[PDB]
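Chemist: Contents of final_21.tsv (TSV, C-alpha atoms) are below:
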chain	number	residue	atom	x	y	z
A	53	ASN	CA	0.00	0.00	0.00
A	54	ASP	CA	1.13	3.55	0.76
A	55	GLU	CA	3.57	2.34	3.43
A	56	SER	CA	5.33	-0.02	1.01
A	57	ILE	CA	5.90	2.82	-1.47
A	58	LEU	CA	7.58	4.95	1.20
A	59	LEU	CA	10.08	2.21	2.07
A	60	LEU	CA	10.85	1.68	-1.63
A	61	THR	CA	11.41	5.42	-2.11
A	62	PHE	CA	13.94	5.62	0.73
A	63	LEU	CA	15.70	2.51	-0.57
A	64	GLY	CA	16.11	4.49	-3.77
A	65	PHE	CA	17.23	7.40	-1.60
A	66	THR	CA	19.50	4.98	0.26
A	67	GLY	CA	20.68	3.90	-3.17
A	68	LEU	CA	21.38	7.57	-3.82
A	69	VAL	CA	23.00	7.64	-0.37
A	70	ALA	CA	25.28	4.91	-1.72
A	71	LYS	CA	26.57	7.16	-4.52
A	72	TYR	CA	26.92	10.71	-3.12
A	73	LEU	CA	28.45	11.23	-6.61
A	74	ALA	CA	31.94	10.06	-5.59
A	75	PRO	CA	31.63	10.98	-1.90
A	76	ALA	CA	34.16	13.39	-0.42
A	77	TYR	CA	34.53	11.39	2.81
A	78	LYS	CA	35.74	8.45	0.70
A	79	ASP	CA	38.57	10.59	-0.67
A	80	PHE	CA	38.83	12.46	2.64
A	81	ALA	CA	39.56	9.05	4.17
A	82	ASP	CA	41.70	8.08	1.16
A	83	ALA	CA	43.95	11.07	1.84
A	84	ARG	CA	44.31	9.94	5.45
A	85	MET	CA	45.80	6.43	5.44
A	86	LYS	CA	48.27	7.48	2.75
A	87	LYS	CA	49.21	10.45	4.93
A	88	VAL	CA	49.36	8.13	7.94
A	89	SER	CA	51.42	5.52	6.09
A	90	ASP	CA	53.84	7.98	4.48
A	91	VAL	CA	54.95	9.66	7.72
A	92	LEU	CA	55.72	6.26	9.26
A	93	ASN	CA	58.01	5.74	6.27
A	94	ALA	CA	59.72	9.06	7.03
A	95	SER	CA	59.63	8.88	10.83
A	96	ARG	CA	61.00	5.35	11.21
A	97	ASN	CA	63.66	6.06	8.59
A	98	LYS	CA	64.51	9.31	10.40
A	99	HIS	CA	66.17	7.33	13.19
A	100	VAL	CA	67.46	4.75	10.68
A	101	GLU	CA	70.13	7.17	9.49
A	102	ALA	CA	70.64	8.16	13.14
A	103	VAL	CA	72.67	4.98	13.56
A	104	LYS	CA	73.95	5.31	9.98
B	1	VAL	CA	106.86	18.30	27.41
B	2	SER	CA	105.97	14.94	25.88
B	3	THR	CA	103.72	13.30	23.28
B	4	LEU	CA	100.11	13.98	24.25
B	5	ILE	CA	97.74	11.05	23.89
B	6	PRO	CA	94.11	11.91	23.03
B	7	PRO	CA	93.70	9.55	20.02
B	8	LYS	CA	92.42	6.53	21.92
B	9	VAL	CA	90.23	7.72	24.80
B	10	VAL	CA	86.82	6.85	23.33
B	11	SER	CA	86.38	3.70	25.46
B	12	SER	CA	84.95	5.98	28.17
B	13	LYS	CA	83.98	8.85	25.85
B	14	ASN	CA	81.20	7.00	23.97
B	15	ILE	CA	78.78	7.39	26.90
B	16	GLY	CA	78.13	11.13	27.22
B	17	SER	CA	77.54	12.09	23.60
B	18	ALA	CA	73.98	12.75	22.45
B	19	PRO	CA	73.94	10.21	19.55
B	20	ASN	CA	74.82	7.44	22.03
B	21	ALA	CA	71.58	8.19	23.87
B	22	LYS	CA	69.73	7.67	20.59
B	23	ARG	CA	72.02	4.73	19.82
B	24	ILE	CA	70.99	2.79	22.92
B	25	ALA	CA	67.37	3.72	22.19
B	26	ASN	CA	66.69	2.54	18.64
B	27	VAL	CA	68.78	-0.66	18.83
B	28	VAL	CA	66.34	-1.85	21.49
B	29	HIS	CA	63.56	-0.63	19.17
B	30	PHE	CA	64.77	-2.94	16.38
B	31	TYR	CA	65.62	-6.47	17.53
B	32	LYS	CA	62.15	-7.71	18.52
B	33	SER	CA	60.20	-5.88	15.79
B	34	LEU	CA	58.42	-8.39	13.57
B	35	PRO	CA	60.23	-8.87	10.23
B	36	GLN	CA	57.77	-9.08	7.33
B	37	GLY	CA	54.25	-8.66	8.69
B	38	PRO	CA	54.54	-11.81	10.78
B	39	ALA	CA	51.98	-12.60	13.48
B	40	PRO	CA	49.21	-10.38	12.06
B	41	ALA	CA	46.44	-12.75	13.21
B	42	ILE	CA	44.32	-12.39	10.09
B	43	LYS	CA	42.11	-15.38	11.01
B	44	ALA	CA	39.57	-13.82	13.37
B	45	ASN	CA	37.25	-16.39	15.00
B	46	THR	CA	34.99	-14.92	17.68
B	47	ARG	CA	31.21	-15.48	17.70
B	48	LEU	CA	30.20	-13.80	14.42
B	49	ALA	CA	33.53	-14.48	12.74
B	50	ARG	CA	31.94	-14.21	9.29
B	51	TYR	CA	30.93	-10.60	9.99
B	52	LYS	CA	34.50	-9.92	11.14
B	53	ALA	CA	35.76	-10.89	7.66
B	54	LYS	CA	33.25	-9.11	5.38
B	55	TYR	CA	32.42	-5.69	6.86
B	56	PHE	CA	33.64	-5.63	10.46
B	57	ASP	CA	37.23	-5.97	9.23
B	58	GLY	CA	37.13	-2.41	7.91
B	59	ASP	CA	38.12	-3.01	4.28
B	60	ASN	CA	34.67	-1.85	3.15
B	61	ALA	CA	33.64	0.31	6.13
B	62	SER	CA	30.46	1.55	4.47
B	63	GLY	CA	26.73	1.85	5.17
B	64	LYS	CA	26.01	-1.85	4.66
B	65	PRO	CA	25.87	-2.74	8.41
B	66	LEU	CA	23.37	0.05	9.06
B	67	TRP	CA	21.53	-1.17	5.97
B	68	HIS	CA	21.50	-4.60	7.61
B	69	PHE	CA	20.28	-2.94	10.81
B	70	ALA	CA	17.51	-1.17	8.90
B	71	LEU	CA	16.45	-4.38	7.15
B	72	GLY	CA	16.21	-6.10	10.53
B	73	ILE	CA	13.65	-3.50	11.58
B	74	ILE	CA	11.76	-4.08	8.32
B	75	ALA	CA	11.67	-7.84	8.94
B	76	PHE	CA	10.26	-7.08	12.43
B	77	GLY	CA	7.16	-5.34	11.08
B	78	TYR	CA	4.60	-7.66	12.69
B	79	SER	CA	6.58	-7.94	15.95
B	80	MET	CA	7.11	-4.37	17.23
B	81	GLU	CA	4.92	-1.85	15.40
B	82	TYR	CA	2.26	-4.39	14.39
B	83	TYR	CA	0.63	-6.57	17.08
B	84	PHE	CA	2.27	-4.14	19.55
B	85	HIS	CA	2.97	-0.44	20.08
Using structure tokens, write down the structure from this file.

Modeler:
Amino acid sequence: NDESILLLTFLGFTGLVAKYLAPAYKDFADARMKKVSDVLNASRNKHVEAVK
Amino acid sequence: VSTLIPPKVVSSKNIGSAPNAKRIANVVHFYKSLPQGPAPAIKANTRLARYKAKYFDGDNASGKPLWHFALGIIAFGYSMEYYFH
């Protein structure tokens, strides 16, 4: 009935929630672990040449 | 008056220098560190182990679990809002 249509509409909205047209938070997170990983490359190596 | 001898006095000089403080630090930081990703414990087995390997791991980390939560409410139509308040 009317109730079933409302759930279907939000599932379509939830489907649109799935896209966000390439969501920023996806790339906002994507920028993070690379930033997190890269500094550990620099920081750990920073004391590597300390003994070198 | 004679031949001075400061070429060989590092046996007791290698303690006060600043790099030695870092030297004794990072060498302890190195020996026990796992070599090549060993002991990562990738096989998680605790209650809902299947969930721990599909979405709870964090590889996806999306709105599927809340979608599963929402669908659980939908499947409970005639249990909470119908036949009850």

Chemist: Taking only C-alpha atoms into account, report as a ChimeraX atom specification which residues of chain B lie within 8 Å of chain A.

Modeler: /B:19,22-23,26,63

Chemist: Around all the atoms of segment 55-64 of chain B listed in the file, with 6 Å of room on each side, what axis-aligned box do you get, giving centre and edge lengths in Å to one decimal, as JSON?

Modeler:
{"center_x": 32.1, "center_y": -2.1, "center_z": 6.8, "size_x": 24.1, "size_y": 19.8, "size_z": 19.3}

Chemist: I'd like the interatomic distance between atom CA of residue 9 of chain B and atom CA of residue 31 of chain B, to a tenth of an Å.

Modeler: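 Separating atom CA of residue 9 of chain B from atom CA of residue 31 of chain B is a distance of 29.3 Å.
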
Chemist: Calculate how many Å separate atom CA of residue 66 of chain B from atom CA of residue 61 of chain A, rounding to one decimal.

Modeler: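 We find that atom CA of residue 66 of chain B and atom CA of residue 61 of chain A lie 17.2 Å from each other.
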
Chemist: Calculate how many Å separate atom CA of residue 25 of chain B from atom CA of residue 39 of chain B, rounding to one decimal.

Modeler: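 It comes out at 24.1 Å.
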